[PDB]
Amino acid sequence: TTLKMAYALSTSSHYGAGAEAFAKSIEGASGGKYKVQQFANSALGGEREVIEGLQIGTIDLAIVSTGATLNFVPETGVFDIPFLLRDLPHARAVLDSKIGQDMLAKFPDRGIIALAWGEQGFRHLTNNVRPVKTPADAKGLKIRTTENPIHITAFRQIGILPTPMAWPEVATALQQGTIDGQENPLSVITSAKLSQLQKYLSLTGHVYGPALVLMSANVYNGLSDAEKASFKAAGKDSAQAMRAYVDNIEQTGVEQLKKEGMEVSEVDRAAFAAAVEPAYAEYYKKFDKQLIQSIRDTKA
């Protein structure tokens, strides 16, 4: 059985590393009973369509951001609150804990199996208009966001004009100048060639970007208990490969982007965190305050 695995970016990206690790894991475990064929570079559409495909069973596997997943499992949105997950060790500890694992168990009610929390890293603001050194500098910029309402609410707080847009639209819109910028981690800014589309980078690190390794219920439900365990294991191997890719690009990424001609600014992240904090008025209408505190207090 050849399973079809979709993702948005190149085979040399963190998604590619994750998909390759998944493929090797399941092919080895299954003695070749299951093989993975990769559909990179958004060939099967935007992430929303990919998730819809898993629900119907036309796509078997995927690695996606949390850009479009709140339309399916809104409860996970808590992880998308700017500055809540503080750094890579904290984010990983939270997602690997019962807090994160309990969230994965919410997907099957929607016809989706969530095998593991993978990773993109911390998202940064890019644009074509001017350097952004302070939150004031960002006001008035037309910045593309994902479809994620938690992100959109945050950016409104510093006067950004957000335009939610699926990923396949972004390069064209940047070139056309209908949006001034976007935000994504070093892993994406490098692998998606955004230095060719964006003059300025500010290292806001405003939110951790998780990823999800997903599988169709169609396929998963058909498996034995041993086979289900092997897909969960491959999910974990995929997540580890993504985290290792991120650990590496976090060391080299800014240097790479400067070489490619980007003007990179460090910022005072505490100023940005303070500027977006009033959005908690909205977040507390969606998420339990005690869950948010438990995330804060998760160690490591």
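Quick note: we count residues from 1 along the sequence shown, nothing fancier.
query: If you average the CA temperature factors over each stretch, which comes out higher, 23-31 or 59-67?
result: The stretch with the larger mean CA B-factor is 23-31.
message: Please compare 278-286 with 8-16 and name the stretch with the higher mean C-alpha B-factor in the deposited structure.
response: The deposited B-factors put 278-286 ahead on the C-alpha mean.
Selection by C-alpha B-factor (highest) of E147, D180, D102, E227: The C-alpha B-factor peaks, among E147, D180, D102, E227, at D102.
- request: For the C-alpha B-factor as written in the entry, point me to the maximum among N184, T204, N128, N218.
  value: Of the options given, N218 has the highest CA B-factor in the PDB entry.
query: Sorting the chain's CA B-factors, does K106 end up in the lowest, middle or highest third?
result: As the PDB entry reports it, the C-alpha B-factor of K106 lands in the highest third of its chain.
- prompt: Sorting the chain's CA B-factors, does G77 end up in the lowest, middle or highest third?
  reply: Middle third by C-alpha B-factor.
field: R243, C-alpha B-factor rank within chain (lowest, middle or highest third)
entry: For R243, the deposited C-alpha B-factor lands in the lowest third.
message: For the chain shown, is the CA B-factor of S265 in the lowest, middle or highest third of its modelled residues?
response: Highest third - that is where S265 ends up once the chain's C-alpha B-factors are sorted.
message: Please say which third, lowest, middle or highest, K133 falls into when its CA temperature factor is compared across its chain.
response: As the PDB entry reports it, the C-alpha B-factor of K133 lands in the highest third of its chain.
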